[PDB]
file protein.tsv (TSV, C-alpha atoms)
chain	number	residue	atom	x	y	z
K	2	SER	CA	107.88	179.21	89.09
K	3	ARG	CA	109.88	182.04	90.89
K	4	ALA	CA	109.88	180.08	94.28
K	5	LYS	CA	111.46	176.92	92.56
K	6	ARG	CA	114.25	179.15	90.91
K	7	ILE	CA	115.99	181.64	93.43
K	8	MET	CA	116.54	179.01	96.33
K	9	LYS	CA	118.95	177.11	93.87
K	10	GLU	CA	120.98	180.44	93.36
K	11	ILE	CA	120.91	181.14	97.25
K	12	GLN	CA	122.35	177.59	98.15
K	13	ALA	CA	124.92	177.57	95.18
K	14	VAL	CA	126.29	181.06	96.37
K	15	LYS	CA	126.33	179.82	100.12
K	16	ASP	CA	128.54	176.68	99.25
K	17	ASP	CA	131.13	178.69	97.04
K	18	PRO	CA	133.16	181.76	98.49
K	19	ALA	CA	135.58	181.62	95.40
K	20	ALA	CA	132.75	183.02	93.08
K	21	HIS	CA	132.85	186.43	95.11
K	22	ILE	CA	128.96	187.00	95.41
K	23	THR	CA	126.55	187.72	98.35
K	24	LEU	CA	122.78	187.25	97.52
K	25	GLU	CA	121.60	189.12	100.73
K	26	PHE	CA	117.76	189.71	101.05
K	27	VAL	CA	115.92	193.14	101.32
K	28	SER	CA	112.95	191.70	103.47
K	29	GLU	CA	114.24	188.72	105.71
K	30	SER	CA	114.52	185.43	103.61
K	31	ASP	CA	111.94	185.58	100.68
K	32	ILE	CA	112.23	184.16	97.02
K	33	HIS	CA	112.94	187.37	94.84
K	34	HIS	CA	114.12	190.81	96.26
K	35	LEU	CA	117.95	190.77	96.64
K	36	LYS	CA	121.08	192.90	97.18
K	37	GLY	CA	123.33	191.00	94.64
K	38	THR	CA	126.85	192.16	95.67
K	39	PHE	CA	130.24	191.35	93.87
K	40	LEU	CA	133.95	192.03	94.88
K	41	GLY	CA	135.91	194.76	92.90
K	42	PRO	CA	137.94	193.76	89.64
K	43	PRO	CA	141.80	194.12	90.53
K	44	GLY	CA	144.50	196.23	88.69
K	45	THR	CA	141.88	198.79	87.42
K	46	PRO	CA	139.81	201.90	88.83
K	47	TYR	CA	137.11	199.34	90.15
K	48	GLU	CA	139.52	197.18	92.42
K	49	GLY	CA	138.76	195.89	96.01
K	50	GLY	CA	135.21	196.76	97.23
K	51	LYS	CA	131.57	195.57	97.83
K	52	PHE	CA	129.54	196.56	94.64
K	53	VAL	CA	125.85	196.57	95.87
K	54	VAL	CA	122.98	195.97	93.26
K	55	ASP	CA	119.18	196.03	94.17
K	56	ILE	CA	117.32	193.26	92.13
K	57	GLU	CA	113.65	192.53	91.23
K	58	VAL	CA	113.96	189.21	89.17
K	59	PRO	CA	110.29	189.71	87.79
K	60	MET	CA	107.17	187.46	88.52
K	61	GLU	CA	107.54	184.97	85.51
K	62	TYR	CA	111.27	183.95	86.48
K	63	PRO	CA	112.91	181.66	85.03
K	64	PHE	CA	111.79	183.64	81.83
K	65	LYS	CA	112.10	187.41	82.94
K	66	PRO	CA	115.50	189.44	83.15
K	67	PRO	CA	116.64	191.21	86.52
K	68	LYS	CA	115.87	194.95	87.20
K	69	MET	CA	119.53	195.77	88.24
K	70	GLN	CA	119.65	199.18	90.11
K	71	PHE	CA	122.95	200.13	91.98
K	72	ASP	CA	123.02	201.48	95.62
K	73	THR	CA	126.91	201.77	95.26
K	74	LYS	CA	127.43	204.64	92.67
K	75	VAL	CA	129.95	203.75	89.86
K	76	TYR	CA	131.59	206.20	87.30
K	77	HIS	CA	131.42	203.92	84.11
K	78	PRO	CA	129.93	204.22	80.41
K	79	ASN	CA	127.64	201.04	80.75
K	80	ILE	CA	126.67	201.43	84.58
K	81	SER	CA	125.00	204.64	86.03
K	82	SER	CA	126.88	207.41	87.95
K	83	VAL	CA	123.62	209.40	88.86
K	84	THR	CA	120.56	206.93	88.89
K	85	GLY	CA	121.54	203.23	89.55
K	86	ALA	CA	120.45	201.70	86.13
K	87	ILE	CA	122.62	199.54	83.68
K	88	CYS	CA	122.93	198.98	79.85
K	89	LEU	CA	123.71	195.34	78.84
K	90	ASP	CA	120.72	194.22	76.61
K	91	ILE	CA	120.59	190.28	76.94
K	92	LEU	CA	121.08	190.78	80.81
K	93	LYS	CA	118.20	193.44	81.29
K	94	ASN	CA	115.80	193.05	78.18
K	95	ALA	CA	116.39	189.87	75.93
K	96	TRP	CA	116.90	186.98	78.50
K	97	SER	CA	118.14	183.34	78.09
K	98	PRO	CA	115.79	181.49	80.73
K	99	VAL	CA	118.66	179.40	82.44
K	100	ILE	CA	121.14	182.32	83.41
K	101	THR	CA	121.79	182.14	87.27
K	102	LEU	CA	122.37	185.36	89.44
K	103	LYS	CA	125.79	183.70	90.36
K	104	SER	CA	126.61	184.10	86.54
K	105	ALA	CA	124.87	187.62	86.17
K	106	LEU	CA	126.79	189.52	89.03
K	107	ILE	CA	130.15	188.01	87.64
K	108	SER	CA	128.97	189.58	84.22
K	109	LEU	CA	128.88	193.12	85.92
K	110	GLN	CA	132.42	192.39	87.44
K	111	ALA	CA	133.75	191.53	83.85
K	112	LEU	CA	131.86	194.67	82.41
K	113	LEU	CA	133.82	196.93	84.95
K	114	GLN	CA	137.29	195.09	84.44
K	115	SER	CA	138.08	196.79	80.98
K	116	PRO	CA	135.69	199.85	80.17
K	117	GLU	CA	134.19	200.45	76.63
K	118	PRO	CA	131.61	203.17	75.27
K	119	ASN	CA	129.43	200.55	73.40
K	120	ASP	CA	126.13	199.67	75.31
K	121	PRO	CA	125.35	203.33	76.67
K	122	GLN	CA	123.84	204.24	80.14
K	123	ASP	CA	124.91	207.76	81.52
K	124	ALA	CA	125.59	209.71	78.21
K	125	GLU	CA	128.07	212.44	79.54
K	126	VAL	CA	130.17	209.59	81.28
K	127	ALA	CA	130.43	207.88	77.76
K	128	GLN	CA	131.46	211.36	76.23
K	129	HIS	CA	134.03	211.73	79.17
K	130	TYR	CA	135.62	208.18	78.53
K	131	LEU	CA	135.87	208.95	74.68
K	132	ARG	CA	137.67	212.33	75.57
K	133	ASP	CA	139.75	211.24	78.68
K	134	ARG	CA	142.37	208.95	80.29
K	135	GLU	CA	143.41	211.10	83.41
K	136	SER	CA	140.24	212.61	85.20
K	137	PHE	CA	138.40	209.20	84.65
K	138	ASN	CA	141.34	207.59	86.68
K	139	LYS	CA	140.84	210.49	89.30
K	140	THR	CA	136.92	210.07	89.54
K	141	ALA	CA	136.38	206.19	89.13
K	142	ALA	CA	139.25	205.23	91.63
K	143	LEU	CA	137.92	207.80	94.28
K	144	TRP	CA	134.23	206.55	93.74
K	145	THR	CA	135.37	202.82	94.21
K	146	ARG	CA	137.31	203.73	97.51
K	147	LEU	CA	134.17	205.68	98.92
K	148	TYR	CA	130.95	203.92	97.47
K	149	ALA	CA	132.38	200.29	97.13
K	150	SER	CA	133.64	200.01	100.81
J	1	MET	CA	144.25	171.36	77.46
J	2	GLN	CA	140.42	171.92	77.78
J	3	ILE	CA	139.86	175.64	78.88
J	4	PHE	CA	136.25	176.52	80.02
J	5	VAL	CA	134.23	179.46	78.44
J	6	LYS	CA	131.73	181.03	80.98
J	7	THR	CA	128.78	182.27	78.73
J	8	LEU	CA	125.85	184.72	79.31
J	9	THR	CA	123.32	181.82	78.50
J	10	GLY	CA	123.46	178.89	81.08
J	11	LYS	CA	124.93	176.58	78.32
J	12	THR	CA	128.74	176.29	79.17
J	13	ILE	CA	131.46	175.53	76.49
J	14	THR	CA	134.67	173.32	76.25
J	15	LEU	CA	137.53	175.02	74.22
J	16	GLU	CA	140.13	172.53	72.78
J	17	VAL	CA	143.59	174.28	72.69
J	18	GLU	CA	147.32	174.57	73.61
J	19	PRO	CA	149.14	178.07	74.37
J	20	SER	CA	149.87	178.66	70.57
J	21	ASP	CA	146.04	178.88	69.60
J	22	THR	CA	144.95	182.42	68.27
J	23	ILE	CA	142.17	184.78	69.78
J	24	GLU	CA	140.81	184.65	66.15
J	25	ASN	CA	140.60	180.74	66.65
J	26	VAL	CA	138.98	181.27	70.20
J	27	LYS	CA	136.19	183.46	68.48
J	28	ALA	CA	135.77	180.82	65.62
J	29	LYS	CA	135.49	177.86	68.21
J	30	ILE	CA	132.72	179.88	70.17
J	31	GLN	CA	130.79	180.73	66.83
J	32	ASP	CA	131.00	176.89	65.97
J	33	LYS	CA	129.13	175.11	68.95
J	34	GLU	CA	127.32	178.21	70.55
J	35	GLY	CA	126.64	180.53	67.45
J	36	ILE	CA	127.60	183.83	69.31
J	37	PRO	CA	128.66	186.82	66.89
J	38	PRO	CA	132.43	188.08	67.01
J	39	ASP	CA	131.22	191.71	67.83
J	40	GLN	CA	129.05	190.29	70.78
J	41	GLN	CA	132.17	188.32	72.12
J	42	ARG	CA	133.76	190.67	74.80
J	43	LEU	CA	136.20	188.06	76.40
J	44	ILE	CA	137.75	188.96	79.88
J	45	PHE	CA	140.71	187.25	81.79
J	46	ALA	CA	142.16	188.60	85.17
J	47	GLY	CA	143.11	192.39	84.89
J	48	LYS	CA	142.75	192.22	81.01
J	49	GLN	CA	140.47	191.97	77.90
J	50	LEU	CA	141.35	189.33	75.16
J	51	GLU	CA	142.42	191.56	72.16
J	52	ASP	CA	141.47	189.85	68.78
J	53	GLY	CA	144.79	189.48	66.68
J	54	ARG	CA	146.80	187.67	69.46
J	55	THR	CA	147.96	184.31	71.10
J	56	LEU	CA	146.67	182.53	74.30
J	57	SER	CA	150.38	182.89	75.60
J	58	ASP	CA	150.07	186.81	75.75
J	59	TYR	CA	147.52	186.57	78.70
J	60	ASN	CA	148.86	183.74	81.07
J	61	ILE	CA	145.91	181.33	80.12
J	62	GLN	CA	146.98	178.06	81.94
J	63	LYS	CA	145.40	174.52	81.45
J	64	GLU	CA	141.64	174.13	82.45
J	65	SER	CA	141.23	177.97	83.22
J	66	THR	CA	137.89	180.00	83.08
J	67	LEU	CA	137.52	182.61	80.20
J	68	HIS	CA	134.70	185.17	81.09
J	69	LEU	CA	132.54	185.79	77.91
J	70	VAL	CA	130.38	189.02	78.13
J	71	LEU	CA	127.71	189.36	75.29
J	72	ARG	CA	128.09	193.16	74.44
J	73	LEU	CA	125.58	194.60	71.82
J	74	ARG	CA	125.35	198.37	70.74
J	75	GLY	CA	122.12	199.93	72.30
J	76	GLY	CA	120.56	198.66	75.61

call {"tool": "encode", "arguments": {"input": "protein.tsv", "output": "structure tokens"}}
result
Amino acid sequence: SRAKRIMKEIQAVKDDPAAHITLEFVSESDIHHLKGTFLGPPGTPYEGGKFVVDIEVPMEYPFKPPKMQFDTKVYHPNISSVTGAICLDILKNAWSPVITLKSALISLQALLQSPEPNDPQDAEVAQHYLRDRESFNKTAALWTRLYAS
Amino acid sequence: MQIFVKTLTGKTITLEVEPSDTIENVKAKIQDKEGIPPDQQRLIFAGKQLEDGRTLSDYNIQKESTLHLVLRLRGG
């Protein structure tokens, strides 16, 4: 049941500021539609910032994976620069039924902390990171200081 | 020391070590009690990835610390 699932993630994020997450609702206080927002990974182009993700955790939750679509635009091979969408397959397609959103937004933080062209989202950003280590440090550090405020 | 591996499953893992233990031996002790493939194991610790032919002492991994395990495939 989706009602007896999200209110455990809402209270466990409320008690713990050291985990770095806000689960802040899109309606008022429902049981599903969330801005899941993490703090930026330090010593890296994604340091120090609020990384905002819109989330439908679908109707059959605990069993269904989150539809993770970014408001904050991020220049990264696995996370979309143009759309919002993400590639990490056991997070978005092949779910384990007891993963919390407190564990899933800390997975996007660890995906940004050391970039790799392996699970592909925006294809010309994966071509850019294979070619580059100078204009990726120009574009991703500027995009973190503007979009992750 | 008992350092804690944060999975992408729900099921959370004890890792039985001291600072001499290899990142090789970290990937073998996760394939033991969880079953997770060495190419899926993208391990992350504070500014850094855990590179495979290395020690725990390279990274500043202190007693009872959290290692962040990301399950990274090649497609989705």

call {"tool": "closest_residue", "arguments": {"input": "protein.tsv", "among": "K:139, K:129, K:51, K:93", "to": "residue 22 in chain K", "atoms": "all atoms listed in the file"}}
result
K:51

call {"tool": "interface_residues", "arguments": {"input": "protein.tsv", "of": "chain K", "to": "chain J", "cutoff": "6 Å", "atoms": "only C-alpha atoms", "output": "ChimeraX atom specification"}}
result
/K:44,88-90,97,99-100,119-120

call {"tool": "residues_around", "arguments": {"input": "protein.tsv", "residues": "residue 26 in chain K", "least_positions_apart": "3", "cutoff": "12 Å", "atoms": "all atoms listed in the file", "output": "PyMOL selection string"}}
result
chain K and resi 7-8+11+23+29-38+53-57

call {"tool": "residues_around", "arguments": {"input": "protein.tsv", "residues": "residue 57 in chain J", "least_positions_apart": "4", "cutoff": "9 Å", "atoms": "only C-alpha atoms", "output": "JSON, numbers by chain"}}
result
{"J": [19, 20, 21, 61, 62]}

call {"tool": "closest_residue", "arguments": {"input": "protein.tsv", "among": "J:40, J:58, J:33, J:27", "to": "residue 14 in chain J", "atoms": "all atoms listed in the file"}}
result
J:33

call {"tool": "atom_distance", "arguments": {"input": "protein.tsv", "atom1": "CA of residue 26 in chain J", "atom2": "CA of residue 63 in chain J"}}
result
14.6 Å

call {"tool": "atom_distance", "arguments": {"input": "protein.tsv", "atom1": "CA of residue 62 in chain K", "atom2": "CA of residue 114 in chain K"}}
result
28.4 Å
